[PDB]
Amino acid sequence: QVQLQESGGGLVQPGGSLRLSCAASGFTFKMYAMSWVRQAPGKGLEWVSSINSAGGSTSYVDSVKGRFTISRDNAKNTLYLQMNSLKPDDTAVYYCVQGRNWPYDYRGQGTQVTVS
């Protein structure tokens, strides 16, 4: 009954911002590292960002470093991705996944992001 559900995508302009949410359920959220991955047009699943259980240590793919911030609210079983200074190449379906190591057994349905 692990369930991941992404929220917050949309159609936005370069320079804009969005905040993705992922509500988790069916597991003790506080005890798992969590990650964001994405599938851009034409490509496979690419890792974006990871965050450890406590929330203190984070990791980003170079192409989003300094623009995106991953965070989590363990009280509310929620993972976030603040996407600032959006670029056309950030266009992708963004997915929440359990853990930080591939292959990911548990992935949400995705939330579409289109920067145009």
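A residue's number is simply how far along the shown sequence it sits, counting from 1.
Peer 1: Taking the mean of the C-alpha B-factors per stretch from the entry, tell me the winner out of 31-39 and 71-79.
Peer 2: Higher of the two, by average CA B-factor, is 71-79.
Peer 1: By the recorded C-alpha temperature factor, relative to the other modelled residues in its chain, which third is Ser53 in?
Peer 2: Answer is highest: the recorded C-alpha B-factor places it there.
Peer 1: Which third of the chain holds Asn101 when residues are ordered by C-alpha B factor: lowest, middle or highest?
Peer 2: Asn101: CA B-factor falls in the lowest third of its chain.
Peer 1: Where does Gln109 sit by CA temperature factor within its chain: lowest, middle or highest third?
Peer 2: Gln109: CA B-factor falls in the middle third of its chain.
Peer 1: So where's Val12 on the chain's Cα temperature factor ranking, which third?
Peer 2: Answer is middle: the recorded C-alpha B-factor places it there.
Peer 1: Could you say whether, by C-alpha temperature factor, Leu20 belongs to the lowest, middle or highest third of its chain?
Peer 2: According to the entry, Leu20 has a C-alpha B-factor in the chain's lowest third.
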